[PDB]
Amino acid sequence: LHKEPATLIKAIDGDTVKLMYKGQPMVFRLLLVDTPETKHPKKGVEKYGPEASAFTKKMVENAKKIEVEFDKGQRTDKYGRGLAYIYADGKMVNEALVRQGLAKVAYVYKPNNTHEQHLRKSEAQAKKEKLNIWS
């Protein structure tokens, strides 16, 4: 896998950010994580939804460099969103959310599962520290 440059357009939610990638605006879904959401009616603004959402936003908005990293499998989901690991100055946003107790590791679909073990290891530590979702 390799990293490629992207430019922030808009953070949309804890798990979704809109970026300029190869000169086209695109919506990106963070691979392998489930954050509580502020969107979609049903549950509405699920608890820790505003917080997961503010974390992703500050993280990408304050970065000097954003990079995207596609995994080995499909690069788009059925809604046309890019499926990627997103990095802000070197730091993986997907892991940071999980490390902070602001996301769980989602259900996994090979072969888009390269950082799966790393993420589960961060999730295990957040649960052991009983942070946010895990308190």
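To match Swiss-Prot, the residue numbers of chain A are left as they are there, and the shown ones run 89-223.
Method of determination (from the header): X-ray crystallography, 1.9 Å.
The backbone N, Cα and C atoms fix where each Cβ goes, and this holds for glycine too.
What Swiss-Prot says about this one:
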BINDING   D103, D122, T123  Ca(2+) binding site
ACT_SITE  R117  active site
ACT_SITE  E125  active site
ACT_SITE  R169  active site
COMPBIAS  203-219  compositional bias 'Basic and acidic residues'
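For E125 (active site), applying a Cβ distance below 8 Å and a minimum sequence separation of six or more within one chain yields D101, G102, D103, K131, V133, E134, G137, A140, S141. Annotation for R117 (active site): same-chain Cβ neighbours under 8 Å, separated by at least 6 residues, are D103, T104, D165, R169, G170, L171, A172. Under the three-state DSSP scheme, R117 (active site) falls in the strand class. Under the DSSP three-state reduction, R169 (active site) is assigned to coil, being neither helix nor strand. Take the binding-site residues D103, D122: by the count of other Cβ atoms within 10 Å of each Cβ, the lowest one is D122.
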